[PDB]
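These notes are about the structure you will find just below.
Values below: all heavy atoms of this structure, side chains included; hydrogens, waters and symmetry mates excluded. Below, chain A is the first sequence line, B the second, and so on; all start at residue 1.
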Number of protein chains: 2
Amino acid sequence: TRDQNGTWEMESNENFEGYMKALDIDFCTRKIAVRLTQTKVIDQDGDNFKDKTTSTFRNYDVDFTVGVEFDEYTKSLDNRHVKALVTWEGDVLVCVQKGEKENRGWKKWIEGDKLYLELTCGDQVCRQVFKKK
Amino acid sequence: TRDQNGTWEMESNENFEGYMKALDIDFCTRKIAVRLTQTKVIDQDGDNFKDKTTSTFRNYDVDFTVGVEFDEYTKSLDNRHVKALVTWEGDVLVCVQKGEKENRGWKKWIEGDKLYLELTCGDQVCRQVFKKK
């Protein structure tokens with residue numbers, strides 16, 4: 001049929017690497033585009049089309065209750081099982097990710113309208129700040 | 001303030017490489033995760049949090065009309081300038097991308113509730129199958 005209207009999600013992708021190498025796309029760029037899923041939104045009205053293709057790199061989503069230990073699987077990070085626990089220390093949201101890697105956790109808090117994130121794992125600390133959209 | 005509600009977009013991302021290396025994340029993944037802006041959406045009800053963090057790898061919007069040639073700049077993938085002509089072949093949307101690469105183009109058609117996309121460049125053929133939602 002010619003009616004290509006609707007939102008479509010990639011379920012298979014054959015020889016995406018060979019086609020990208022034929023376009024002289026860089027090495028690390030190809031090895032990830034093969035792994036990622038793609039969503040295609042098409043608005044077709046008559047002879048005019050509008051194709052919006054989006055490939056999401058990371059789509060993490062976790063729920064929790066402060067003070068209640070829960071099982072966390074970092075699917076889109078390292079894909080490991082950690083028993084996370086989120087507690088309050090002042091107004092800072094502190095978390096401990098009990099698992100194989102030692103000193104793993106994060107701290108989250110706002111001051112003004114900036115979300116601060118302190119991702120820690122072993123000897124490394126990652127600092128990220130966010131603006132309100 | 002403990003209220004972390006809202007949609008937050010990444011401002012800075014310091015030492016994401018070191019934090020990802022501490023989690024044994026591969027090199028190519030680190031080289032791309034470092035260069036992407038993240039968006040955090042927190043739905044908070046007291047101590048019940050809903051944290052969803054997403055990052056977009058590729059996004060591409062194209063507007064074209066069947067039978068009218070248009071200048072296409074492949075924002076994703078290739079970043080080359082091609083003159084694309086999209087035409088109907090029965091129920092198959094056939095497009096030719098006249099440019100640097102020989103035999104560059106794609107074919108798109110619907111069968112049932114699935115979108116089939118065949119990308120062609122040189123002697124390489126990439127076949128992508130989508131599913132209507």
Side-chain angles (χ1 to χ4, degrees), chain A residues 4-44 48-59 76, chain B residues 9-10 13 26-39 53-66 69-86 93-109 114-133:
Chain A
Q4 305 198 336
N5 266 282
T7 294
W8 316 77
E9 276 96 306
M10 165 176 298
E11 69 169 28
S12 54
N13 195 357
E14 273 153 49
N15 198 27
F16 197 31
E17 176 111 27
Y19 169 76
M20 284 188 295
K21 177 59 191 185
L23 298 176
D24 322 288
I25 303 181
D26 313 58
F27 173 82
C28 277
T29 306
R30 296 193 318 269
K31 260 64 187 66
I32 299 174
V34 172
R35 272 192 303 109
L36 301 181
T37 177
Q38 302 185 17
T39 300
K40 179 181 292 291
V41 184
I42 294 184
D43 279 298
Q44 171 189 1
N48 321 298
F49 285 75
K50 172 148 191 53
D51 196 315
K52 175 183 176 61
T53 308
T54 292
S55 74
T56 281
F57 178 61
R58 290 306 176 236
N59 197 337
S76 272
Chain B
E9 163 215 79
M10 167 165 288
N13 192 3
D26 77 87
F27 165 78
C28 278
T29 305
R30 295 195 316 267
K31 207 179 74 172
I32 270 72
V34 153
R35 69 181 188 100
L36 291 180
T37 308
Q38 302 177 18
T39 300
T53 308
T54 61
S55 67
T56 299
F57 178 67
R58 288 299 186 273
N59 186 89
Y60 193 26
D61 281 71
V62 201
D63 50 321
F64 59 93
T65 295
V66 171
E69 181 165 72
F70 64 106
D71 295 321
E72 172 163 34
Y73 180 77
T74 55
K75 174 160 154 293
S76 172
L77 282 179
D78 197 31
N79 290 111
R80 283 190 177 96
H81 283 265
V82 299
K83 309 233 175 198
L85 171 60
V86 192
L93 202 59
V94 172
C95 166
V96 54
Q97 296 178 298
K98 188 183 168 216
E100 170 190 341
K101 260 67 180 60
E102 270 196 80
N103 209 261
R104 193 203 174 115
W106 52 263
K107 294 178 179 177
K108 200 187 307 178
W109 67 95
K114 292 194 155 185
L115 191 145
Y116 294 86
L117 177 64
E118 167 180 298
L119 304 155
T120 294
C121 177
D123 50 5
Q124 296 298 323
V125 176
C126 168
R127 177 163 247 185
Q128 302 177 352
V129 182
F130 295 81
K131 158 95 92 172
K132 177 137 94 168
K133 266 57 209 214

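Expressed to the nearest 0.5 Å, how far SG of B:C121 lies from CD of B:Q97 amounts to 8.5 Å.
Looking at B:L77 and A:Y19, their side chains come closer than 4.5 Å, going by heavy atoms from C-beta outward. A:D24 has its side chain within reach of B:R80: a pair of non-hydrogen atoms, C-beta onward, lies under 4.5 Å apart. Considering only heavy atoms from C-beta on, A:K21 comes within 4.5 Å of A:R30 through its side chain. Counting only heavy atoms from C-beta outward, the side chains of B:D26 and A:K31 never approach each other to under 4.5 Å.
The environment of A:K50 atom NZ is dense: over 12 non-hydrogen atoms of other residues, nucleotides or ligands sit within 6.0 angstrom. More than 12 non-hydrogen atoms from other residues, nucleotides or ligands lie less than 6.0 angstrom from NZ of B:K75.
Heavy atoms only, all atoms of each residue included: A:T29 and B:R58 are closest at CG2-NH2, 3.5 Å. Nearest approach of B:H81 to B:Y73, heavy atoms of both residues: NE2-CD1, 3.3 Å. Closest non-hydrogen pair, B:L36 versus B:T56, comes out as CD2-O, 3.5 Å.
B:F64 and B:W106 have perpendicular rings, their planes meeting at more than 60° on a 0 to 90° scale where under 30° would count as parallel.
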Test side-chain hydrogen bond (donor to acceptor under 3.5 Å, both in side chains) on A:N59 and B:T54 and set out the steps.
CA-CA 4 Å; A:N59 197 337; B:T54 61; 5.7 Å; no
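In this structure, B:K108 pairs ionically with A:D51, as a charged nitrogen and a carboxylate oxygen lie closer than 4.0 Å.
Geometrically, B:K107 does not engage B:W109 in a cation-pi contact defined by less than 6.0 Å to the ring centre and at most 45° from the axis.
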